[PDB]
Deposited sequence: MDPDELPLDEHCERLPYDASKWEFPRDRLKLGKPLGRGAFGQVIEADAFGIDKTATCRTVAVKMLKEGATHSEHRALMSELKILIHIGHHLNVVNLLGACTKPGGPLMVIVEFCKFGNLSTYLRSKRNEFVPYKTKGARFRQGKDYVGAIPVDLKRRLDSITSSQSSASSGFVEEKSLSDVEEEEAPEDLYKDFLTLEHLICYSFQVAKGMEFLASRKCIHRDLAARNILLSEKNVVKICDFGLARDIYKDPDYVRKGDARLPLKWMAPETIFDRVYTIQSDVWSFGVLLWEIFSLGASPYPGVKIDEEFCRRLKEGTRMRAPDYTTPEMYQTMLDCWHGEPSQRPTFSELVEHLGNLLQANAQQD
């Protein structure tokens, strides 16, 4: 039932030059787009394109309409355009983030980190930017449901973006009640913070994720502090992992709090 304003979003297929595959997101490729922001520039973009069942067409067209509905924020992966007219493949064009995902990136910097190279400023800043992106998504009345460092991408000038399009990340009430809400995303955000301050480690190191893990989780067991955390950042993880979803901070409160930690750090 959502509209598609072709005047606003439609981009000519002949001004898109196919480049290197990114993978399977729908095939996701790099492309060079001329004029996509109306200036006389060539820009690398990310394209999702259809290989074609009606179900798959519908899913991609629905993605397109949701990205439109959501709108623009610096800390999400934004829609730039689409190719929907008959006579070529259905394509959805979004911002390209040249450094890839945050988990793989931080792992690559394990020996290129000093607290004060990545520094604490960088990690708190990534953390702050994600919270701002999530605060935006919550205001558009979305729930993410896989908020994890692998779904954050790093673009130029340390801008991080949530891919807006996983038991170790799930809130206890989601595991046990099937419930996904914005407060359950706050729990995931705490896991993501741990991912950031472990420099891209896997959560719950060397823990079998089974009925006993879920038991200990309902009972109050939490991850220990990761190796590159500040005490304040671990406190924030614990806050996000409150057993009562209503006692977790909101994304707005995290943006305030992390903003203060970012400024205190400087």
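Unmodelled regions of the deposited chain sequence (numbering from residue 1, in sequence order): 1-13, 39-40, 67-68, 134-193, 243-262, 364-366.
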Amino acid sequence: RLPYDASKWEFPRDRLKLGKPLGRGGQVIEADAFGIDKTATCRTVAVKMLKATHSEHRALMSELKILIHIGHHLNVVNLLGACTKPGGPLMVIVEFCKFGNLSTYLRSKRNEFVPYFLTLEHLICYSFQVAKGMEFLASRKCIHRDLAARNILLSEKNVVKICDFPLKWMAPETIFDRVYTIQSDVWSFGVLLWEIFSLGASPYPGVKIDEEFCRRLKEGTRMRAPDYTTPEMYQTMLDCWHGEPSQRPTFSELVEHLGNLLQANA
From here on, numbers count along this sequence of modelled residues.
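Take the two forms, find the largest set of C-alpha atoms that superpose within 1.5 Å, and that set is the rigid core.
Taken in 7 other deposited structures of this protein and fitted on the core, 226-234 and 205-213 differ in how far their Cα atoms move from the shown form, and the one that moves more is 205-213. Remark: when the other structures in 7 other deposited structures of this protein are fitted onto this one via the rigid core, 84-92 deviates more than the alternative among 84-92 and 181-189, judged by RMS CA distance.
Checked against the record, the higher mean CA B factor of 68-76 and 170-178 lies with 170-178. When the mean C-alpha temperature factors of 78-86 and 143-151 are read from the deposited coordinates, 143-151 comes out higher. The residue among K132, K161, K98, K109 whose C-alpha carries the highest B-factor in the deposited model is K109. Across the residues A40, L50, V47, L238, the deposited record lists the maximum Cα B factor for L50. When the modelled residues of the chain are ordered by C-alpha B-factor, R24 sits in the highest third.
When all modelled residues of the chain are sorted by CA temperature factor, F34 is found within the lowest third.
Split the chain's modelled residues into thirds by C-alpha temperature factor. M91 is in the lowest one. In this PDB entry, the Cα temperature factor of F189 sits in the bottom third of its chain's modelled residues, the lowest group.
Looking at the C-alpha B-factors along this chain, the one for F128 belongs to the lowest third.
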